[PDB]
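The chain below stands alone, shown as structure tokens; this is the form deposited in one PDB entry.
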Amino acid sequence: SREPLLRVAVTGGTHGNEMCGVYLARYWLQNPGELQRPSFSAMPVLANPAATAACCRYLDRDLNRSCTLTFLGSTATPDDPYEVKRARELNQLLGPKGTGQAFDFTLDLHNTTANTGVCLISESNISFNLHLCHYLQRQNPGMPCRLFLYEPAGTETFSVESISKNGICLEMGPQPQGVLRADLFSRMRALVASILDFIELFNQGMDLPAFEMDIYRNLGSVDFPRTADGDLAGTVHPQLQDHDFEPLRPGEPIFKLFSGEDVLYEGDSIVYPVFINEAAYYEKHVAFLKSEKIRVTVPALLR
């Protein structure tokens, strides 16, 4: 017995310098009509108002890492990081996380400086999210739309979309932080419209037969090569740069050191690097994430 998704949010500016989501959220707040469908209206939300006003990723800490139950359930304090305070507001608005009052679905919009193209980022393999990705793939022949599965591996989910009963991140790159490209703005705007169309079809009872699809599952990160003092000793190798989701094979170059030497991948198997050279990840010690490409069977969603 299918439950429609009637409480749906689209969040932008979770990171204040990722410009598509910032400007889409700002635009929809003045022009909500675009987010309405017959069965439901999506609420646009500017997730990090202060980082957005300042055009930076975050003020005190990364909002998209502050939505764990531990943070949300913490006793308030004047000294709390801004984004912890804001996370608690989002929990009031779209949660409380893990309870029956939480929103049905939150679509959280992101941009990356990595050449990811269009990808959906999910913290679990819930079949609805896979059907959604498949639907976007179908609506956009020739346009890659990949699903990146990032299981928290324990213990606590941490993202803004995790506050809702379900949700997903739409990530689009490459785009410099603080830069709004018309091409990505329009594409994201059209993909959001399609995601809302999908929710509408789902609500109206569309049968979604079982299928198989390739997805990418997080294996873990690789840091930039560093000096003893943890400064960069090199950066992403020219042959790896811009090649997100493409096979990286053992013995292939992953970094170029300032001293001139190549650093080769020393893994035992082929992996698929994602988020290659994201500005925001330098301080996180991630030059790229390794993923495994796996073919999964997606259960039917039938009335």
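One rule holds for the numbers: they count along the sequence shown, beginning at 1.
Same protein, other form: the form solved in complex with a small molecule, not shown, and the subject of what follows.
S.K.: Of the residues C145, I215, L90, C169, which one places a heavy atom within 4.5 Å of the small molecule in the bound PDB entry?
M.R.: When the small molecule is considered in the bound PDB entry, the option within 4.5 Å is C169.
S.K.: Can you pick the one in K256, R37, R65, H243 that has a heavy atom within 4.5 Å of the small molecule in the bound PDB entry?
M.R.: Flagged contact: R65.
S.K.: When the small molecule is placed as it is in the bound PDB entry, are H110, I121 and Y281 each within 4.5 Å of it, taking any non-hydrogen atom of the residue?
M.R.: Every residue of the spot touches the small molecule in the bound PDB entry.
S.K.: Answer yes if any heavy atom of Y150 is within 4.5 Å of a heavy atom of the small molecule in the bound PDB entry; otherwise answer no.
M.R.: Close contact exists here: in the bound PDB entry, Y150 approaches the small molecule to within 4.5 Å, heavy atoms only.
S.K.: So in the bound PDB entry, does any heavy atom of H237 sit within 4.5 Å of the small molecule?
M.R.: Close contact is absent here: in the bound PDB entry, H237 is far from the small molecule, nothing within 4.5 Å, heavy atoms only.
S.K.: Spot the stretch among 39-47, 256-264, 66-74, 273-281 with residues whose non-hydrogen atoms come within 4.5 Å of the small molecule in the bound PDB entry.
M.R.: The contacting stretch is 273-281.
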